Structure formats: C-alpha cells, structure tokens
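What follows is a short report on a single structure.
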Amino acid sequence: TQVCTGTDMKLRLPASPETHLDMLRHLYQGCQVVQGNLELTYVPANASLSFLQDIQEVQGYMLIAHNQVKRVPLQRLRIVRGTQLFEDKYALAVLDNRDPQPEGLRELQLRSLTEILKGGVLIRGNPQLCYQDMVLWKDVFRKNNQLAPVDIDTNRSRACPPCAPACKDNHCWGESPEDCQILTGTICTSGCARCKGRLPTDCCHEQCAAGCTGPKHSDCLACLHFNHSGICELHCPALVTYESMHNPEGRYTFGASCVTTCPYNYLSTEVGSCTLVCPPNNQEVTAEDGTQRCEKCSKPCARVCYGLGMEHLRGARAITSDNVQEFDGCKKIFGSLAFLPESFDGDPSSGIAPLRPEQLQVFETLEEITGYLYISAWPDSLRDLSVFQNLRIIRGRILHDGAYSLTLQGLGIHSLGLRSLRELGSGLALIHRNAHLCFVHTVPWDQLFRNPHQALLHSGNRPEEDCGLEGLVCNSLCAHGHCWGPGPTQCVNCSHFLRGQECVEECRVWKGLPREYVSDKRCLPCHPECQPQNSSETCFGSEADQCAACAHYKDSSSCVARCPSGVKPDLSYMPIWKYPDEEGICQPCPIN
Ligand SMILES: *[C@@H]1O[C@H](CO)[C@@H](O[C@@H]2O[C@H](CO)[C@@H](O)[C@H](O)[C@H]2NC(C)=O)[C@H](O)[C@H]1NC(C)=O
Ligand SMILES: *[C@@H]1O[C@H](CO)[C@@H](O[C@@H]2O[C@H](CO)[C@@H](O)[C@H](O)[C@H]2NC(C)=O)[C@H](O)[C@H]1NC(C)=O
Ligand SMILES: *[C@@H]1O[C@H](CO)[C@@H](O)[C@H](O)[C@H]1NC(C)=O
C-alpha cells in the first residue's frame with residue numbers, strides 16, 4: 001500500500017538477526033507513511049536499506065541505533081510528528097552507530113526533513129558521523145516546538161569536510177551539493193510559520209506542515225492535521241450536522257487523513273474516529289457483515305475476558321499459574337497471550353507454581369485474540385499447539401515488539417496443530433529455532449494474511465525436505481496438501497467427509513461399527529436403538545423415529561430400549577403403563 005505500521009522494540013536486540021532485515025523489508029517496502037515509530041536498529045555493515053526510500057512521513061519517533069551501515073537512505077522523509085517520543089522526549093534519536101573497532105553511519109542526509117512537530121533530537125556515540133552540527137535545527141522544529149532539546153554530541157574519530165560551496169547558507173545534512181539544508185521556517189516573513197521563500201507571496205497556508213508549492217491548502221508538502229482528499233484541513237468533516245442530520249461529506253479520522261471508511265482491523269467510534277481500542281466502558285459490535293464499531297454501554301458493560309497488556313494485566317509479562325484460570329470459558333480475549341520460560345519454570349521466591357500442561361486446557365474455548373500470541377516456551381510433553389485448536393483469528397491489534405502477531409521461538413514442538421487458525425489480522429508471524437518442527441510449510445499462510453506487509457519469517461526449524469522424507473506430510477484426504485500437523489485431524493479443509501473433527505474417506509452408511517447418516521459432508525450417528533441393516537441404510541436422521549428398524553422395542557413411532565412403565569407426561573397425573581408385544585410392539589397395560 002502506502003500507509004504502514006511502525007514498531008516498538010526500542011533498543012532491544014532482535015530475536016532473529018537471521019531474519020531482522022527481511023522484517024524491515026516487509027514492513028517498509030513501498031511504505032510512504034509510517035504510523036508509529038520508525039526504528040532502524042542492528043543493521044549490519046553491508047545491508048541494503050533501499051526499501052526505505054519512499055518514506056515521507058513518520059507519525060511517532062524515528063530511532064536509528066546500533067547499525068554498522070554507512071548510509072541510511074531516508075532522503076524523501078519530510079516530517080516526523082512525534083505523537084510518541086523516545087525516552088519520552090526525542091522525535092529523532094541517532095545512537096551508537098559504530099563497530100567495536102571503518103564502519104558506522106557517516107552522514108544523516110535527511111535533506112527532505114523540514115518538520116518536527118514535537119520532541120527534540122538526540123545524537124550520541126556516532127564516531128564517523130558528520131554534519132549533525134550543521135543543521136539549523138530550529139528551522140526544522142515547528143515554531144511552537146522551539147524549546148525542544150538538542151542533545152547532539154560531536155565526538156569523532158574523523159575530520160569533517162565543509163558544507164559544499166553551493167550551499168547558499170552554511171547549512172547541510174552531508175557533503176554533497178544535493179544535501180544542502182532547505183530552510184522553510186526561519187526565513188519566513190511575519191506571522192508565517194512555513195514558506196517556500198523570503199517574501200510573503202511565498203507563505204504557506206497555516207494548515208501546511210513542512211513547506212509548500214504555493215499559497216493554497218492544496219499545495220502543502222505535508223498536512224499539519226488532516227488530509228481531506230488533497231486539501232489540508234484543521235478537522236475532518238463531521239458525520240452529523242446540526243434539527244441535526246447525517247452528513248454525506250462525513251469522514252472518519254485515521255492518522256493524518258480523512259477516510260470514507262475505517263481501514264481493515266480498525267473500529268469506528270460514534271464520533272467518527274478509527275481505533276485499535278475502544279474508549280472505556282464501550283463494547284465492540286460486529287456489524288453482521290464485516291465492520292466493527294465502538295459503542296458506549298448505556299448500563300453496565302457485559303463481563304469480558306482481558307488478556308495481557310489490558311486493564312489488570314496491563315503490566316503482566318506472561319501467562320502463569322496465578323492467572324491461567326481467569327481464562328476459563330473465554331471465547332474472546334481482549335489483549336494478548338505470551339508464554340515465556342518463566343511461565344513453565346515458576347519462581348520459588350514468590351512461590352509461583354510452574355504452569356502445568358493440564359491448566360492450558362482452559363484455552364480450548366478460545367476462538368479469538370485481539371492482540372498477539374507469543375510462545376517462547378512450551379511443555380516438552382506437548383508435541384503441538386493443540387490447546388489452541390479452536391483459535392480462529394489473531395487480530396494483531398497489539399503486536400509483540402510492535403511487529404509480530406504470532407511468535408513461536410525455541411520450542412520443542414513437532415507440528416503446529418493450530419487447525420482453526422484462519423486469520424492473522426495484521427503483523428508478521430515469526431517461527432524460528434524450533435529444531436523438531438515440521439508442518440510449517442504445509443500451512444497456506446497467504447490465506448491467513450490480510451495486508452501485503454505481512455509475511456511469515458522462519459529459520460532454524462526442520463528443513464521441509466527432511467520432513468518430507470520421513471512421512472511427515474499432509475494426510476492425503478486434506479484438500480490441496482494444506483494441513484497443520486500429521487494425520488486426518490489436521491486438514492485446513494476436508495476433501496471428503498468429517499466424523500467429528502476427523503477427515504474420512506467414507507461415512508458408515510453401509511459398513512461400520514455404529515451406523516451413520518450423511519448431512520453436509522458430516523458423518524452423523526444413527527440412534528443407538530436403530531437396528532443396523534445388512535442391505536440398506538440404517539437410519540436417515542438422528543432420532544429414534546428415524547431408523548429403518550428397531551434393535552429392541554417400539555413405542556408408537558420410535559425405537560426404545562424399554563417400554564414405558566409408569567411414565568407421566570409433563571403436566572399430567574395419568575402415567576403410561578406399557579408392555580412389549582410378542583413382536584416387540586409396546587402395547588397399553590389393561591390396568592392403571
Ligand atoms: C561488508 O563489506 C566489506 C567490504 O567488501 C567486507 O569486507 C571484506 O571481506 C571480504 C571477504 O573476506 C574480503 O575479500 C574483502 O577484502 C573485505 N573488504 C574490506 C573491508 O577490506 C565485509 O566483510 C562485509 N561485512 C559483512 C557484514 O558481510
Ligand atoms: C493528501 O492525500 C492525497 C490523496 O487523496 C494525495 O494526493 C494524491 O496522490 C497520489 C499519489 O501521490 C496521486 O496519484 C493522486 O493524483 C493524488 N490525488 C489527490 C486527491 O490529489 C496528496 O499527495 C496528499 N497531500 C499531502 C499534502 O500530503
Ligand atoms: C566527548 O568528549 C568530551 C571531552 O573529551 C567528554 O567529556 C565527553 O564525555 C565525551 N562524550 C561521551 C561519549 O561521553
């Protein structure tokens with residue numbers, strides 16, 4: 001697309017360096033607006049970072065830390081809004097880009113960045129870096145962001161070449177005549193916050209953010225608040241106008257844009273904003289057909305199951321013996337599930353018992369997670385993720401490290417067993433360091449994804465061709481070779497009939513055990529009082545009334561194990577007394 005979602009990993013090491021770059025690539029390739037924080041970290045010496053080259057806007061902060069690359073190609077980046085700040089104060093943080101000694105970041109080259117709405121700048125520990133002190137920062141910082149901290153270290157093990165002669169003022173982002181700083185704040189006339197030149201004819205509209213092509217609200221380089229189809233405006237048009245009526249111009253706010261409709265995986269509020277999370281004392285209602293909306297509860301909200309990151313589990317790290325039981329009977333969890341080594345080791349200092357595999361069945365009910373699933377430890381006695389057999393959707397409205405809606409890491413599992421998983425609402429799946437794990441590639445991951453930024457990243461599992469030579473392959477009854485584990489329960493779809501959750505070639509219509517009838521490709525058992533037929537069907541439905549014939553006795557039209565002796569109909573005093581015919585037909589007893 002063009003709008004994408006950033007991350008939230010701060011300075012923490014990537015779990016998967018073998019995969020980190022792929023991740024950055026899948027998140028940012030083609031992306032123009034990052035909603036969230038743009039965090040580029042631990043990029044090695046030779047990485048290609050060219051998938052960053054379309055980024056024109058960061059809504060949160062931008063963090064460039066712990067890389068060895070010499071160049072970070074962000075020359076189209078126009079604005080960092082700073083709706084979130086690093087260390088709660090910096091819109092731009094460039095940290096520790098060096099090697100343990102020549103490598104390390106050399107120039108920032110942010111030659112399009114003409115706007116920082118909120119927060120300041122931190123540049124520290126970057127020993128090859130030049131030109132960090134030749135930016136006029138206060139031109140960059142919005143007029144009312146002028147007191148933003150500038151904490152810019154210039155300790156260097158190299159000599160900086162000057163700003164190229166062609167630079168009209170002595171300001172630049174780098175040594176080349178292309179990296180000249182373009183000034184759009186400090187050079188303006190009067191009460192003009194942003195301009196394209198020194199004259200008032202060059203003033204930008206007040207609703208523009210980084211600069212302009214001309215004077216109009218259709219000529220902005222970026223919108224200060226909201227882009228309403230090519231016009232920057234203070235507000236999106238209301239959904240309702242005042243008698244009060246519906247407004248056919250109505251728009252929803254999504255980021256710095258006015259949208260006709262909320263994007264996938266988002267909820268609509270009455271006031272027409274889009275959220276990942278409802279305001280307090282709301283409920284999520286699924287319009288019958290796809291939509292979800294936030295609606296305030298007139299009386300007390302129905303009791304709901306909160307997972308990690310949410311309400312009283314806001315600060316909780318992991319599912320544990322002290323908390324598993326809060327999930328009994330839960331179909332929907334608002335929040336996330338994470339199972340870490342601590343979950344299964346316990347902690348003898350708090351007295352926390354290790355989580356027993358049996359306790360995990362409290363999840364057999366689970367159909368939906370609004371946040372993420374993160375599994376970093378799992379019992380060795382559980383060969384698969386079968387306790388989540390009925391899990392249908394991981395929404396990924398909250399994501400681990402702000403990137404992953406499904407993580408399985410360093411586990412001993414042999415198969416997945418996630419047999420109901422049909423949807424990863426957003427975020428990436430990361431499945432790595434599971435040395436005995438097969439049936440990863442038998443899953444049709446493209447079918448669970450919902451945007452083109454999502455992918456499965458994988459490494460260190462069992463090679464697929466090594467599984468495929470040991471008979472760990474999809475059962476042959478699974479349609480299209482798609483399955484989640486070995487055997488006939490693990491199909492994504494059955495090509496034939498299902499008996500319970502087992503895929504079978506045939507129902508027991510003529511042959512078999514207890515006899516069966518068919519209904520919607522489903523093997524269903526005849527009543528136990530039906531007599532199995534040697535030649536024909538044994539039943540045509542489930543009830544005692546629906547047998548070819550009775551194994552024991554018959555009462556009116558249904559096959560029965562015993563004749564009624566003294567059975568009283570609901571609201572009657574008169575009991576029925578019967579006895580079986582010589583041919584097994586229940587007849588009325590001659591006495592009451
Ligand atoms: C990144 O680039 C450099 C430069 O090509 C790599 O260093 C080279 O290593 C190869 C392989 O042995 C040598 O043949 C070159 O002569 C080296 N060049 C240098 C720096 O003098 C470096 O290994 C690369 N780093 C990564 C992350 O692979
Ligand atoms: C505001 O958003 C509009 C989208 O409505 C952007 O304008 C479109 O940009 C695409 C790709 O850049 C063009 O192909 C279309 O011709 C444009 N359409 C419209 C509605 O003008 C626009 O760039 C954004 N403006 C700002 C200031 O960010
Ligand atoms: C950079 O140099 C000065 C003076 O030599 C020193 O006091 C300062 O602490 C250094 N910066 C860092 C990385 O601490």
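Following the order of the structure tokens, first chain is A, next is B, and so on, with residues numbered from 1 inside each chain and ligands from 1 in the order they appear.
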Selection as a PDB file with C-alpha atoms, in the first residue's frame: residues within 9 Å of ligand 3 by only C-alpha atoms and all ligand atoms:
ATOM      1  CA  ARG A 124      25.218  10.407  20.566  1.00  0.00           C
ATOM      2  CA  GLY A 125      28.023   7.811  20.170  1.00  0.00           C
ATOM      3  CA  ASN A 126      28.257   8.003  16.379  1.00  0.00           C
ATOM      4  CA  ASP A 153      27.396  15.049  20.579  1.00  0.00           C
ATOM      5  CA  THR A 154      30.225  15.733  18.056  1.00  0.00           C
ATOM      6  CA  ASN A 155      32.953  13.383  19.381  1.00  0.00           C
ATOM      7  CA  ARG A 156      34.547  11.996  16.219  1.00  0.00           C
TER       8      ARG A 156
END
Which residues are near ligand 2 - at most 7 Å, using only C-alpha atoms and all ligand atoms? Format: as a compact mmCIF listing (two decimals) with C-alpha atoms, in the first residue's frame.
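Output file selection27.txt follows:
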# COMPACT_ATOMS: atom_id res chain seq x y z
CA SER A 218 -3.86 22.06 -1.85
CA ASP A 219 -0.12 22.88 -2.24
CA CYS A 220 1.22 21.59 1.08
CA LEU A 221 4.27 19.44 1.35
CA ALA A 222 2.53 17.78 4.35
CA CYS A 223 -0.64 18.38 6.35
CA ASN A 227 -5.52 15.45 4.58
CA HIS A 228 -9.08 15.60 3.25
CA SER A 229 -8.51 14.33 -0.29
CA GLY A 230 -5.72 16.73 -1.19
CA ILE A 231 -6.69 19.71 0.96
CA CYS A 232 -5.09 20.13 4.36
List all protein, DNA and RNA residues that have an atom no more than 7 Å from any atom of ligand 1, counting only C-alpha atoms and all ligand atoms, and report them as an mmCIF file with N, CA, C and O atoms, in the first residue's frame.
data_model
loop_
_atom_site.group_PDB
_atom_site.id
_atom_site.type_symbol
_atom_site.label_atom_id
_atom_site.label_comp_id
_atom_site.auth_asym_id
_atom_site.auth_seq_id
_atom_site.Cartn_x
_atom_site.Cartn_y
_atom_site.Cartn_z
ATOM 1 N N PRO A 44 23.455 -4.638 9.711
ATOM 2 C CA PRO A 44 24.878 -4.938 9.555
ATOM 3 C C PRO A 44 25.481 -4.154 8.441
ATOM 4 O O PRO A 44 24.779 -3.746 7.524
ATOM 5 N N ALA A 45 26.786 -3.954 8.583
ATOM 6 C CA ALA A 45 27.715 -3.405 7.607
ATOM 7 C C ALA A 45 27.261 -3.323 6.149
ATOM 8 O O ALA A 45 27.375 -2.261 5.525
ATOM 9 N N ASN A 46 26.783 -4.424 5.578
ATOM 10 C CA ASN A 46 26.512 -4.369 4.147
ATOM 11 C C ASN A 46 25.049 -4.378 3.714
ATOM 12 O O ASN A 46 24.760 -4.399 2.523
#
Give me the residues near residue A:401 as a ChimeraX atom specification, where near means some atom within 7 Å (using only C-alpha atoms) and where sequence neighbours in that chain fewer than 2 positions away do not count.
/A:7-9,399,403-404
Just the number, please: distance in Å from atom CA of residue A:269 to atom CA of residue A:236, one decimal.
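Taking atom CA of residue A:269 as the start and atom CA of residue A:236 as the end point, the length is 14.0 Å.
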Got a sec to tell me which of stretch 421-456 of chain A DSSP assigns to strand (DSSP E), as a list in words?
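Matching residues for strand (DSSP E) in stretch 421-456 of chain A are residues 423, 424, 428, 429, 430, 431, 432 and 456 of chain A.
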Closest to residue A:90 among A:302, A:123, A:203, A:438, using only C-alpha atoms?
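Of the candidates, the smallest distance to residue A:90 is held by A:123.
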Excluding stretch 346-349 of chain A and its own-chain neighbours fewer than 6 positions away, which residues fall within 12 Å of it when counting only C-alpha atoms? Please give them as a list in words.
residues 318, 319, 320, 321, 322, 339, 340, 355 and 356 of chain A
Please dump the current selection as a compact mmCIF listing (two decimals), in the first residue's frame; keep N, CA and C atoms.
# COMPACT_ATOMS: atom_id res chain seq x y z
N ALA A 318 3.57 -12.52 31.42
CA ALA A 318 3.39 -13.88 30.94
C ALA A 318 2.14 -14.50 31.53
N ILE A 319 1.61 -15.53 30.87
CA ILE A 319 0.56 -16.35 31.49
C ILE A 319 1.23 -17.27 32.49
N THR A 320 0.54 -17.53 33.58
CA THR A 320 1.15 -18.09 34.77
C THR A 320 0.09 -18.88 35.52
N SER A 321 0.49 -19.63 36.56
CA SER A 321 -0.45 -20.45 37.32
C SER A 321 -1.39 -19.57 38.14
N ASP A 322 -0.89 -18.38 38.47
CA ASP A 322 -1.62 -17.39 39.23
C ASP A 322 -2.66 -16.71 38.35
N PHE A 339 3.70 -16.87 26.47
CA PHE A 339 4.13 -17.98 27.33
C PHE A 339 5.63 -17.97 27.24
N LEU A 340 6.29 -17.70 28.37
CA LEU A 340 7.72 -17.49 28.42
C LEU A 340 8.31 -18.60 29.27
N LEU A 355 3.37 -23.49 35.63
CA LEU A 355 2.16 -23.79 34.87
C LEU A 355 2.15 -25.24 34.34
N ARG A 356 1.19 -26.04 34.79
CA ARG A 356 1.04 -27.41 34.30
C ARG A 356 0.29 -27.47 32.96
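Picture a line from atom CA of residue A:581 to atom CA of residue A:560; it runs 13.2 Å.
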From the DSSP assignment of the backbone, select every residue of stretch 123-183 of chain A that is alpha helix (DSSP H), and format the answer as a list in words.
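Answer for stretch 123-183 of chain A, restricted to alpha helix (DSSP H): residues 137, 138, 139 and 140 of chain A.
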Would you output that residue set with N, CA and C atoms, as a PDB file, in the first residue's frame?
ATOM      1  N   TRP A 137      18.583  23.427  13.435  1.00  0.00           N
ATOM      2  CA  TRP A 137      17.500  22.585  13.984  1.00  0.00           C
ATOM      3  C   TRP A 137      16.236  23.358  14.216  1.00  0.00           C
ATOM      4  N   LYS A 138      16.376  24.613  14.632  1.00  0.00           N
ATOM      5  CA  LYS A 138      15.200  25.388  14.960  1.00  0.00           C
ATOM      6  C   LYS A 138      14.399  25.746  13.708  1.00  0.00           C
ATOM      7  N   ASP A 139      15.004  25.625  12.525  1.00  0.00           N
ATOM      8  CA  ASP A 139      14.202  25.726  11.304  1.00  0.00           C
ATOM      9  C   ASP A 139      13.314  24.481  11.177  1.00  0.00           C
ATOM     10  N   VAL A 140      13.883  23.341  11.556  1.00  0.00           N
ATOM     11  CA  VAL A 140      13.215  22.051  11.480  1.00  0.00           C
ATOM     12  C   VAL A 140      12.054  21.928  12.492  1.00  0.00           C
TER      13      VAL A 140
END
List the neighbours of residue A:184 out to 6 Å using only C-alpha atoms; skip same-chain residues closer than 3 positions along the sequence, and give me the result as a PDB file with N, CA and C atoms, in the first residue's frame.
ATOM      1  N   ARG A 194       5.512  28.762   7.910  1.00  0.00           N
ATOM      2  CA  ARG A 194       6.215  27.994   6.876  1.00  0.00           C
ATOM      3  C   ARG A 194       6.154  28.693   5.520  1.00  0.00           C
ATOM      4  N   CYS A 195       7.263  28.684   4.792  1.00  0.00           N
ATOM      5  CA  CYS A 195       7.288  29.330   3.481  1.00  0.00           C
ATOM      6  C   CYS A 195       8.165  28.561   2.494  1.00  0.00           C
ATOM      7  N   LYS A 196       8.095  28.947   1.221  1.00  0.00           N
ATOM      8  CA  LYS A 196       8.977  28.411   0.187  1.00  0.00           C
ATOM      9  C   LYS A 196      10.001  29.462  -0.238  1.00  0.00           C
TER      10      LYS A 196
END
Hey, what's within 8 Å of residue A:83 if we count only C-alpha atoms and toss same-chain stuff fewer than 3 positions away? As a list in words, please?
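Using only C-alpha atoms, the neighbours found are residues 59, 60, 61 and 118 of chain A.
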For the selection just defined, write its residues with N, CA and C atoms to a file, as an mmCIF file, in the first residue's frame.
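The result, written out as again36.cif:
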data_model
loop_
_atom_site.group_PDB
_atom_site.id
_atom_site.type_symbol
_atom_site.label_atom_id
_atom_site.label_comp_id
_atom_site.auth_asym_id
_atom_site.auth_seq_id
_atom_site.Cartn_x
_atom_site.Cartn_y
_atom_site.Cartn_z
ATOM 1 N N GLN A 59 4.907 9.160 11.911
ATOM 2 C CA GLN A 59 3.974 9.721 12.891
ATOM 3 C C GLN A 59 4.505 9.707 14.356
ATOM 4 N N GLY A 60 5.250 8.685 14.740
ATOM 5 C CA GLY A 60 5.854 8.648 16.047
ATOM 6 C C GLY A 60 7.245 9.242 16.087
ATOM 7 N N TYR A 61 8.202 8.514 16.625
ATOM 8 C CA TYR A 61 9.556 8.990 16.586
ATOM 9 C C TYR A 61 10.368 8.195 15.579
ATOM 10 N N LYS A 118 6.879 17.736 17.217
ATOM 11 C CA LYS A 118 7.027 17.583 18.681
ATOM 12 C C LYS A 118 8.284 16.812 19.031
#
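Omitting residue A:471 and its sequence neighbours fewer than 3 positions away, and counting only C-alpha atoms, the residues within 12 Å are residues 438, 439, 464, 465, 466, 467, 468, 474, 475, 476, 485, 486 and 487 of chain A.
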Limited to N, CA, C and O atoms, could you put the picked residues into a file as a PDB file, in the first residue's frame?
ATOM      1  N   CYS A 438       8.057 -29.578  12.076  1.00  0.00           N
ATOM      2  CA  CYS A 438       7.614 -29.809  10.714  1.00  0.00           C
ATOM      3  C   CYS A 438       6.227 -29.170  10.556  1.00  0.00           C
ATOM      4  O   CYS A 438       5.758 -28.456  11.455  1.00  0.00           O
ATOM      5  N   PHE A 439       5.595 -29.415   9.412  1.00  0.00           N
ATOM      6  CA  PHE A 439       4.319 -28.828   9.063  1.00  0.00           C
ATOM      7  C   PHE A 439       4.257 -27.318   9.212  1.00  0.00           C
ATOM      8  O   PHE A 439       3.254 -26.778   9.669  1.00  0.00           O
ATOM      9  N   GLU A 464      12.138 -28.534   5.242  1.00  0.00           N
ATOM     10  CA  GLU A 464      10.931 -29.180   4.726  1.00  0.00           C
ATOM     11  C   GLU A 464      11.204 -30.461   3.967  1.00  0.00           C
ATOM     12  O   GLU A 464      10.374 -31.387   3.993  1.00  0.00           O
ATOM     13  N   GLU A 465      12.351 -30.535   3.296  1.00  0.00           N
ATOM     14  CA  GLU A 465      12.664 -31.743   2.537  1.00  0.00           C
ATOM     15  C   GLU A 465      13.148 -32.902   3.433  1.00  0.00           C
ATOM     16  O   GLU A 465      13.277 -34.048   2.973  1.00  0.00           O
ATOM     17  N   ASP A 466      13.386 -32.606   4.707  1.00  0.00           N
ATOM     18  CA  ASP A 466      13.814 -33.609   5.684  1.00  0.00           C
ATOM     19  C   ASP A 466      12.596 -34.193   6.421  1.00  0.00           C
ATOM     20  O   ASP A 466      12.619 -35.358   6.902  1.00  0.00           O
ATOM     21  N   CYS A 467      11.546 -33.363   6.507  1.00  0.00           N
ATOM     22  CA  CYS A 467      10.229 -33.774   6.983  1.00  0.00           C
ATOM     23  C   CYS A 467       9.619 -34.673   5.931  1.00  0.00           C
ATOM     24  O   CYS A 467       9.099 -35.746   6.234  1.00  0.00           O
ATOM     25  N   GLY A 468       9.701 -34.204   4.689  1.00  0.00           N
ATOM     26  CA  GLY A 468       9.113 -34.861   3.539  1.00  0.00           C
ATOM     27  C   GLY A 468       9.776 -36.154   3.136  1.00  0.00           C
ATOM     28  O   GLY A 468       9.376 -36.762   2.144  1.00  0.00           O
ATOM     29  N   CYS A 474       1.258 -33.950   4.837  1.00  0.00           N
ATOM     30  CA  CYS A 474      -0.187 -33.867   4.949  1.00  0.00           C
ATOM     31  C   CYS A 474      -0.822 -35.198   4.608  1.00  0.00           C
ATOM     32  O   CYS A 474      -0.440 -35.847   3.638  1.00  0.00           O
ATOM     33  N   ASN A 475      -1.772 -35.610   5.439  1.00  0.00           N
ATOM     34  CA  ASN A 475      -2.675 -36.694   5.128  1.00  0.00           C
ATOM     35  C   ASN A 475      -3.314 -36.493   3.764  1.00  0.00           C
ATOM     36  O   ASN A 475      -3.586 -35.354   3.366  1.00  0.00           O
ATOM     37  N   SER A 476      -3.589 -37.589   3.060  1.00  0.00           N
ATOM     38  CA  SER A 476      -3.925 -37.491   1.642  1.00  0.00           C
ATOM     39  C   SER A 476      -5.350 -37.041   1.408  1.00  0.00           C
ATOM     40  O   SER A 476      -5.728 -36.752   0.268  1.00  0.00           O
ATOM     41  N   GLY A 485      -0.430 -30.294  10.853  1.00  0.00           N
ATOM     42  CA  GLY A 485       0.218 -31.370  11.595  1.00  0.00           C
ATOM     43  C   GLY A 485      -0.036 -32.706  10.911  1.00  0.00           C
ATOM     44  O   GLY A 485      -0.721 -32.715   9.908  1.00  0.00           O
ATOM     45  N   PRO A 486       0.478 -33.825  11.427  1.00  0.00           N
ATOM     46  CA  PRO A 486       0.285 -35.124  10.763  1.00  0.00           C
ATOM     47  C   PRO A 486      -1.123 -35.672  10.931  1.00  0.00           C
ATOM     48  O   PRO A 486      -1.754 -35.293  11.922  1.00  0.00           O
ATOM     49  N   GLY A 487      -1.576 -36.577  10.043  1.00  0.00           N
ATOM     50  CA  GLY A 487      -2.817 -37.288  10.279  1.00  0.00           C
ATOM     51  C   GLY A 487      -4.097 -36.594   9.843  1.00  0.00           C
ATOM     52  O   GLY A 487      -4.068 -35.461   9.379  1.00  0.00           O
TER      53      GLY A 487
END
